[PDB]
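Breakdown of the fold
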Number of protein chains: 4
Amino acid sequence: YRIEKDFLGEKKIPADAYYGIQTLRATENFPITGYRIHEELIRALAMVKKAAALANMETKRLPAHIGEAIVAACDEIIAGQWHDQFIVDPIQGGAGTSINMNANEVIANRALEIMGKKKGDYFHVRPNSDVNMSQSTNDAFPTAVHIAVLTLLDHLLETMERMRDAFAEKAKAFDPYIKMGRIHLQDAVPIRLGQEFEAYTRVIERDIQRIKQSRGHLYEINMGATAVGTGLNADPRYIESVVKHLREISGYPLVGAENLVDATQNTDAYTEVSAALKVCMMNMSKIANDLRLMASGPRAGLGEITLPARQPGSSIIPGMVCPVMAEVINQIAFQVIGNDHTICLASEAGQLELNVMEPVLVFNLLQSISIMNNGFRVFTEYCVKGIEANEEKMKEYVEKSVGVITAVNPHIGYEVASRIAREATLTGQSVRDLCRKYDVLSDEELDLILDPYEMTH
Amino acid sequence: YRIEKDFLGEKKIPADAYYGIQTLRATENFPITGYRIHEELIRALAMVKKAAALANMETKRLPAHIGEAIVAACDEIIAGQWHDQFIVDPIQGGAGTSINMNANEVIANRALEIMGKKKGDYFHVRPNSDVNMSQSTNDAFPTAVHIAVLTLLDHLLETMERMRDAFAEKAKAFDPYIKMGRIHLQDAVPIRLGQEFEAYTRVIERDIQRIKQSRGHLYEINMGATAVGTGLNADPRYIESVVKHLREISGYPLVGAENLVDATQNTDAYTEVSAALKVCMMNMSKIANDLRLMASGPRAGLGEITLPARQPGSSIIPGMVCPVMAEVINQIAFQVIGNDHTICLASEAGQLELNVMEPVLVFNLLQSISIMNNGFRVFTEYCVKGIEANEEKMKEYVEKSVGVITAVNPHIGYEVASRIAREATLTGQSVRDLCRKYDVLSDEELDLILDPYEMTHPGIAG
Amino acid sequence: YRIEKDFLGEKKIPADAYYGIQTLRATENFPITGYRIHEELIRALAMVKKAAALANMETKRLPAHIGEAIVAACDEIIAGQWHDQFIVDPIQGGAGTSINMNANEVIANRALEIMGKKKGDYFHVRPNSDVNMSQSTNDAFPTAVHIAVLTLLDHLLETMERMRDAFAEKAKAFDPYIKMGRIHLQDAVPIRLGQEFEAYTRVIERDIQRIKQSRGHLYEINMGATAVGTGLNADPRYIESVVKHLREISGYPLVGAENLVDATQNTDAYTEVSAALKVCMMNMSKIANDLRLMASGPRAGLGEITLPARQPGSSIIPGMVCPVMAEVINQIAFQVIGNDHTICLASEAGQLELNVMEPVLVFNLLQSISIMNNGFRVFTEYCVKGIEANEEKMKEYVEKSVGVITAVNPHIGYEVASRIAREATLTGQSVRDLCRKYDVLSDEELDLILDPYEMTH
Amino acid sequence: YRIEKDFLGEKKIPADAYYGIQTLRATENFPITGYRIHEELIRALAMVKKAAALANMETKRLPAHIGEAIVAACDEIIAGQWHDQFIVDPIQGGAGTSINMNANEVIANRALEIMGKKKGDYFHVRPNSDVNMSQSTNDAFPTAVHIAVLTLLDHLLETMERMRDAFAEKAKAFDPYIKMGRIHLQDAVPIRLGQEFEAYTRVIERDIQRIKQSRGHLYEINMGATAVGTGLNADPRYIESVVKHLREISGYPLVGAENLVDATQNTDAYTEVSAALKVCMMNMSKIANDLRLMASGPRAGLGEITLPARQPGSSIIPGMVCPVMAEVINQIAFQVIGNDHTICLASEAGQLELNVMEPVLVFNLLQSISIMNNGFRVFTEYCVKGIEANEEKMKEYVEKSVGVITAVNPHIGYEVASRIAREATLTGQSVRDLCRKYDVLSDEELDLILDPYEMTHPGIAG
């Protein structure tokens, strides 16, 4: 077992632990969710401390002795080694200092090991002065967040690009199938199933464009802002360097933000991304609700489509297939939305030079992106691609629908057709037979006028 | 065009206008929605200034010649006269001072008229010193709000009490009608339409109880808190009196809040009411969505019920009758909810001794209660009461339904019924006719097992 | 008094009223808020019915007799005449049919008058068959909404462009004033007031760009979609015409949307705009909260700035100036946000070929835009432009702040300065005198190192 | 790697695993958050399956040899053994069937072990037929949730009861300390720090009462509703028993809900609790924001109080101690609220006889209650109890404060004090020293008028 000390006092650290006291304080201070910070944040945090070491060696302020040990340790965390040592709670006080410190304390103790030394020999490698040199919480943490968010969004757009492709196929596959369009859930006018799926396809096209764009503002990073944006204690040479390194390390077209005070106090890049995602899920939640409708049944329901069975839907009803893949999408949407409200609240709570609510914000932000990526992947494969149509059921609905009379409207007028249609719904007779009862159009005119393939117009 | 002044400068007031400069400033300062403050708040504001005058006369500090003129003017605003004059915007800066002052400047100029003077002759009847004596914005405005909110809530509960009665009838009416219960929209086991409507009836019973309770905290009023809650420069005798009067005037069992600092800085009474309403509308929005489904018609949908036509549903489709009464309920719910978020935000934004966001809060609060009361009234009368069943459509679904096999399960055993169920799904034949094809059960027996009542009670249908 | 009839029955219309029965039904059916539909929607509705008349004459299906009377009536409503006759409730059932009908019934009865005839002579001019020809609720109403929303957004961006200009001046004006940056509300490091106002200026720059972009999707309009998107009962010639007219009439670069089924069932254009606005107000609500802080006082408070007095702030405290212009901005933000939640809910509730919740949606959407435009206009003039600084109070804060020791950190190290800073806060002595007590830097090194104008970095 | 099958096909289960195929499917189907379902739900799930076994033995329909093995396995999960095995994702399709089945497949395979068999030997102990007898997803899962929610709420109220005690002490401690009340952040009239803390104390008192009440509706449980609420194929004797057992097992005064259709389709019990919590956190988030203000320090801010340092506040600024305990409260509030929106959305999305969104609902609900209980515990101990006052800083603000003129107003009159107040603002001198400069009041008199207690009670400070 180790022992370490701080203003507050002395603390017993497990000897296996690469994490230090400031992390131990925060695990005691903020036992809130007991989740762990997103994996992709840890990776990003390591990329930053590395670029920071690299830059501090380039400006001959950090000894290459220490910096290379740090760089070595970073590279391992980047590779995915020491994640289990990041143990602070995503929901935490101190504006994300206890996250920054968790990285500082782990990268140090593992740079020690790599110098052959032992953990807690902070003398050789110092969390504050060496790992975190030229840096504050207030530039490292967000710069990480920016890179994390970007990586996840890029995963998202891949998954969505695939999802769009999936819907697009079903557009083509179902293009020739005729069905009843519904409006207020009331039977309206003929439409082809495939036109509905094109509709889905295009809203998704748009979601992709909006989420793509949300990234633009993230490419700007506040590195070398230090405390407030003033960039005190940072050498412009370090600032120029640490960015180029971050650009190389990350593989992202990052750029120093033109105003550092601005990029340090404003959280609008995040609210913007969340906003784009919320929109996305509103759309998808709807499309989900549609599929669940059309798949209602299989007898006392619309029964226009069928979705791949993925599990026994019920515990007591034999032969129960529930639309569970859509359902999960619905539920995800409810998350993302609720998360947006958290994000927004947090974004607003900012005061003067710093927003201290960044943690819960980022927790929800990153969560939102991940959840969607997962939901979409499973939904693309397990449900969407496997959707099948009941054309005979769908054609039947057309053949027994008053609503076809919307085609006889420009010859007979809305008033003469409204009365024929009110009579047909009540008596339950075909529209054709009530047009021959009133003798309002001829039979050879009805064969033409009341022909279902009027969707194309 | 009369001229008035305050420590900022001078303004031209129309001479017709009973409202003063501080109101003019606010109409310039906050031209935001250009709505007018709720009618029921104006009434309440007048009730308060009246109780305040009455109390200030009773403690021999306001001259009876001025107070009675004020009381007279209040009584008219209560009766519904001078509402046109209230012209400040519900969304406004200043924590609701510009509302308080719009009541002060109108009650004064009309108490003037009533004592034979002319408007603007403030020397005699003073907005600040007389109308608003023993009072701050921070006690008059909320105390009004509390009375307003209570009156509207009481209208609401009457409307809902009536709505629950409406649903309850449809529970009884539809009690014998059998249909397919749905689960994930998939066909499950039989249920009677009336059981669904009892479900609606009871959630509403509960909504009523929650909204009823939300009122408790409103009965406490902070009158005589003055600026901050310390109650400084206000006489306990005035505080005791002004409450007593407000109780008589309003009709409500109001009580001075035990802690005035508390009742002046905390807005939790309001967030509490909103909360109760949000819950209410979640439930109703659901019930609405149900009805819209069950009325999916005319042919390509469930078609289990029909809701009264109230208008031509569509402009181009002949014969379209839409569930527009339910639809409006859905839309209201979305408001109430969004409003709760506004309310909550505003309630949280409080700092130290005062919450300055009370206006938008109250705007949304009062709006929510009103729009609900209205939505419910119209929905009760023009939809719920007029709902009818398609019992032959509903019974048909049962008769051609696989899930019915759960009811004849204990008399055939799981093995023999697993095969009858797999056969009925494939062939698509009724399970009754597959029970006498196999001749596992008698016709009389099947009458008793596939009884509307028997398939839908706890027990084994035997 | 007039009398009119429909399936439901006979109705007594005031004789003065240009509105018909279908409007009377809806005023009875939906006595919800008793507001009136936005003025700018009425204007838009008229622009549409006009383009529709014009197009129906061009395709020689509407008699020029009737159409020109309609066009005449439209032109007056456009000019702002008959607004008082639009009396249906913004929150209403029927997906916005009762709005469409209110226009139909007013434009007809006023086209009658302009033919010398009398109201209720629907025989001459028919609400359904003539005013509303080639049209459904489901294309007229949204196409209007699209034009309304665009006009209001354009007003908004003007107002905001002006607001940005206002902040930008204060950036320059306050550039030389030094103050204490605060972080978690704790005193941190020097910053210039003007850097704070640049921060405000740039977040606003960004808001403008996002709101500008939100418009793109609105330019696409679904005109000639009719019921469902299929475009049944609409002649492609009418479709081509009615757009070009709408483009000319409106003055907007409108375009027929590539898919009509898509633009008829998806409400993502609206959720997108709301989203952009919500973000905007999060930012502004913050900036507002900042100003109210810095203007706290005037004695027991920060007292770094002063805002124009705009009214007696209090009823009993003499000499009370409250930051009421900022406060109203805060309150507006709370609206816009809550409205976004309404909009989103409504947008999601869509089912199959139509979203029937469009009304409350549009009510909140249009409201949001208007409220902001108003709030911003008043806030730009009445508060922002008049903001004044208390430099002597702000300089004083610098001169008595431990936080200046962040500048002596790279020479002394974080550990030696953390102890000097913990001692100075407790004892309340200057940092200089505790650096000469420890003799850790010379006096000529402190004159340089602890010099406040380190913000520039 | 054992092999299992159901009507979809075959799967390879690790042999270590007590979980079955239906759980494996769901872990594949719903790899969403990769969180695990709350611990307290697992406990509850086990309590239910136990009461269910017990009841099915008591009604002579489950063999005692299987039931006791089940009961044994439940008791272990209750005791906290087999939680590792619960592996389905809180956010999942299927309305919480995959949770029910994860309990069924684990309790079975471990009841097997306990009757000497091997896992996968379902013949003997069957997930569906035995573990889940007399039960559907739609009664077991919610009944669990109800018990879970109750247990966490009871932890919450203990924590809050303690929190209110904490604030209440600071009310007493700080009762004599005078400071400037603020209004719109502008200086107003004197108030005592302790009055502010009593305000906090009482809002919390009220939060407790609201959360207490939210529980009432949870005590009603839908056990024996089976699929839809009709309760078909479940024996009233089982229903009477299984409740009785759940009451003993859980400790809670549970009761069979009068209407089972109602308690099966309505989710208003949950929206009600969330609502109460949201209100709570609005209040706390405010109180938090207050404390952060008053602790704005060290020099360039209010500096009226100090909160216990709990960590180095900053990484680059030496000496930075931040109000991190309050900050965490703020952040929690934002969660709870956002979660309420998720909950509400989900509650509304219900259709007809079942709400299939119950999982995300419950995930957020349970999360909200937990994170609150934790936030409060740590905030009570590491912040509230350790708060200290800067009474000389606070008294100084009073002594150099214009608003103090409201207190010496009745003894000088409005005319003479209007001029002393305009002079004190300009010159910046204390109003006490301007009262003896003009010699309008004696020093002894000023002691009594500018008394901490006198400036802050109802009355006239004389």
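Per the conventions used, each chain is numbered from 1 along its written sequence, independently of whether this matches the entry, and residues without coordinates are not displayed. Note on labels: chains are lettered from A, ligands numbered from 1, in written order. Side-chain metrics in this entry use all non-hydrogen atoms of the structure; hydrogen atoms and water are not considered.

Determination of this PDB entry was carried out by X-ray crystallography to a resolution of 3.10 Å, according to the record.

**Overview of the overall build of chain A**
Only DSSP runs of H or I covering at least 4 residues are called helices, and only runs of E covering at least 2 are called strands; the numbering of each starts at the N terminus. Across its full length, chain A holds 17 helices and eight strands. Radius of gyration: C-alpha atoms only; globule rule: 2.2 Å multiplied by the number of residues to the exponent 0.38. For chain A, the C-alpha radius of gyration of 30 Å lies well beyond 23 Å, the compact-globule estimate for 457 residues. Across its three principal directions, the C-alpha atoms of chain A cover 100 × 50 × 35 Å. Intrachain contacts of chain A at a sequence separation of at least 6 include 73% that bridge at least 24 residues. As displayed, chain A has an accessible area near 14200 Å², and 48% of this comes from carbon and sulfur atoms. All tallies of charge rest on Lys and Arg as positive and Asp and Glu as negative; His and the ends of each chain are not included. A charge is said to be at NZ when it belongs to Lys, at CZ for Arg, at CG for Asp and at CD for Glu. Positive and negative side-chain charges in chain A, numbering 46 and 60 respectively, have mean positions lying 4 Å apart. We call two residues contacting when some pair of their heavy atoms lies within 4.5 Å. Using a 1.4 Å probe, the Shrake-Rupley method yields the accessible areas, and only the shown protein chains count as cover for residues.

**Describing the interface of chain C and chain A**
Contacts between the two partners involve 83 residues from chain C and, on the opposite side, 83 residues from chain A. Buried area between chain C and chain A, both sides added, is near 6900 Å², and the carbon and sulfur share of it is 57%. Two parts lose some accessible area (1.4 Å probe) when they are put together, and adding that loss for both gives the buried area. Three residues stand out in chain C for area buried against chain A, namely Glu348, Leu352 and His457 of chain C, and they jointly supply 10% of the buried area on that side. Salt bridge criterion: a side-chain nitrogen from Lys or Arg within 4 Å of a carboxyl oxygen from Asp or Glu. Joining chain C to chain A, the criterion identifies 16 salt bridges. For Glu258 of chain C, the salt bridge identified is with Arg202 of chain A, shortest N-O distance 3.6 Å. Looking at which element gives the most residues to the side of chain C that touches chain A, the answer is helix 10 (residues 268-294) of chain C, with 14 residues. For this scheme, ten residues count as nonpolar: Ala, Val, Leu, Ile, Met, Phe, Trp, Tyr, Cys and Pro. Four count as charged, namely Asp, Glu, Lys and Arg, and the remainder, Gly too, count as polar. Counted by class, the side of chain C that touches chain A contains 33 nonpolar, 29 polar and 21 charged residues.

**Description of the relation of the copies chain C and chain A**
The superposition method for the copies is least squares, with the C-alpha atoms as the fitted set. Rotating chain C by 180 degrees and translating it 0.0 Å along the rotation axis places it on chain A, where the RMSD comes to 0.0 Å. Classification of the inter-copy transformation places it as that of a two-fold axis. In terms of C-alpha distance to the rotation axis, chain C has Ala275 of chain C as its closest residue, with the C-alpha 2.8 Å off the axis. Mapped onto chain A, 100% of the interface residues of chain C are again interface residues, and the two copies thus contact each other with one and the same surface.

**Observations regarding the environment of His155 of chain C**
Here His155 of chain C shows up in helix 6 (residues 137-173). Through-space distance from the C-alpha of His155 of chain C to that of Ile369 of chain C is 9.0 Å; in sequence the pair is 214 residues apart.

**Let's talk about the domain arrangement of chain B**
Residues and elements named next belong to chain B. Where each domain begins and ends is defined by an automated method or by a domain database. The domain boundaries assigned to chain B delineate domain 1 (2-133), domain 2 (141-223 + 258-389) and domain 3 (400-456). On a C-alpha basis, the centroid separation for the pair domain 2 and domain 3 is 41 Å. The interface of domain 2 with domain 3 comprises ten residues on the first partner and eight residues on the second. Among the residues domain 2 hides against domain 3, the three largest losses belong to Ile178, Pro190 and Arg192. Together they make up 56% of the total. For the pair domain 2 and domain 3, the number of links is zero salt bridges. What qualifies as a polar contact is a pair of N or O atoms within 3.5 Å, subject to a donor-acceptor requirement within protein and to the restriction that residues adjacent in sequence count only when both atoms come from side chains. Between the two partners, domain 2 and domain 3, sit two residue pairs in polar contact. Broken down by secondary-structure element, the contributors of at least two residues to the side of domain 2 that touches domain 3 are strand 3 (178-183) and strand 4 (186-192).

**Considerations on the environment of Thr406 of chain C**
Checked against the element boundaries, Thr406 of chain C lands in the loop between helix 13 (391-399) and helix 14 (409-412). In this structure, the C-alpha to C-alpha distance between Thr406 of chain C and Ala421 of chain C, residues 15 residues apart in sequence, is 9.6 Å. Not counting residues within four places of it along the chain, the set of residues in contact with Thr406 of chain C comprises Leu232 and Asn233 of chain A, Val189 of chain C together with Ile316, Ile317 and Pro318 of chain D. A polar side-chain atom of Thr406 of chain C sits 3.1 Å from the main-chain carbonyl oxygen of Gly403 of chain C.

**With respect to the nonpolar core**
Only buried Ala, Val, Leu, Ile, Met, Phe, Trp, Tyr and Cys residues count toward a nonpolar core, and they belong to the same one when joined by side-chain atoms within 4.5 Å. When a residue's accessible area, from a 1.4 Å probe over protein chains only, is under 20% of the maximum for its type it is buried; when over 50% it is exposed; and in between it is partly exposed. Counting residues in hydrophobic clusters, the biggest one holds 642 residues, and the most contacted among them are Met284 and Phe379 of chain A together with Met284 and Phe379 of chain C. In this structure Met284 of chain C touches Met163, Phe167, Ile204, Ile329, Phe376 and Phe379 of chain C, once residues within four positions along its chain are discounted.

**A look at the interface of chain B and chain C**
Taken together, the 67 residues of chain B in the interface contact 67 residues of chain C. Looking only at chain B, the three residues that lose the most surface to chain C are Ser315, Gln331 and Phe334 of chain B, adding up to 13% of its buried area. The interface formed by chain B and chain C includes zero salt bridges. The tally of links between chain B and chain C comes to 25 residue pairs in polar contact. Secondary-structure elements contributing two or more residues to the side of chain B that touches chain C are helix 1 (21-29), helix 4 (97-114), helix 11 (324-348) and helix 12 (358-382) of chain B. The element that contributes the greatest number of residues to the side of chain B that touches chain C is helix 11 of chain B, accounting for 15 residues. Of the residues contributing to the side of chain B that touches chain C, the split by class is 31 nonpolar, 30 polar and six charged.

**Some thoughts on the pattern of salt bridges**
The tally for this structure, following the rule as stated, stands at 132 salt bridges over all chains. Residues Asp75 of chain B and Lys50 of chain B are paired through a salt bridge, measuring 3.0 Å at the closest nitrogen-oxygen approach. Here the residue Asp75 of chain B occupies a position in helix 3 (residues 64-79), and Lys50 of chain B occupies one in helix 2 (residues 39-58), the gap between them amounting to 25 residues. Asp235 of chain B is the salt-bridge partner of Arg237 of chain B, the closest N and O atoms lying 4.0 Å from each other. Ionic contacts of the salt-bridge type, sharing partners, join the residues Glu198, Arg202, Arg206, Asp207 and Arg210 of chain B together with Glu258, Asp262, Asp268 and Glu272 of chain D into one network.

**A few points about helix 8 (residues 236-250) of chain A**
All names here are of chain A. Multiplying 1.5 Å by the residue count of a helix minus one yields the expected span of that helix. Relative to the 21 Å expected for 15 residues at 1.5 Å per residue, helix 8 spans 21 Å between its end C-alpha atoms, a close match to the ideal helical length. In this structure, the buried residues of helix 8 make contact with helix 2 (39-58), helix 6 (137-173), strand 5 (220-221) and strand 6 (255-256). A positive phi of about 90 degrees marks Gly251, the residue just after helix 8.

**Here's the deal with unusual backbone geometry**
The omega angle of the peptide bond from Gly297 of chain A to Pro298 of chain A is 15 degrees, so this bond is cis rather than trans. Its place among the elements puts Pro298 of chain A in the loop between helix 10 (268-294) and strand 7 (305-306). The phi angle at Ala461 of chain B is positive, at roughly 65 degrees, despite the residue not being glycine. The topology assignment puts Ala461 of chain B in the segment after helix 17 (443-449). Here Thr226 of chain D, not a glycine, exhibits a phi torsion of approximately 60 degrees, which is positive. Summarising the element assignment, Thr226 of chain D is placed in the loop between strand 5 (220-221) and helix 8 (236-250).

**Some details on the packing of helix 2 of chain A against helix 8 of chain A**
Residue and element names in this part refer to chain A. Between helix 2 and helix 8, the least distance of the axes is 8 Å, while the angle of their chain directions is 135 degrees. On the basis of the axis angle, helix 2 is oblique to helix 8. Crossing geometry of helix 2 relative to helix 8 is assigned as right-handed. Judged by residue contacts, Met47, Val48, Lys50, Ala51, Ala52, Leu54, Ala55, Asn56 and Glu58 of helix 2 engage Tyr238, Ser241, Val242, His245, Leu246, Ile249 and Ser250 from helix 8. Here the contact of helix 2 with helix 8 is built from residues that sort into ten nonpolar, four polar and two charged. Here the axes come from fitting lines to C-alpha atoms, over the contacting stretch only for helices, and the angles between their N-to-C directions go from 0 to 180 degrees. Any angle that falls under 35 degrees is termed roughly parallel, while one over 145 is termed roughly antiparallel, one within 65 to 115 roughly perpendicular, and all others oblique. Crossing chirality is assigned from the near helix's rotation relative to the far helix, an anticlockwise turn below a right angle marking it left-handed and a clockwise turn marking it right-handed.

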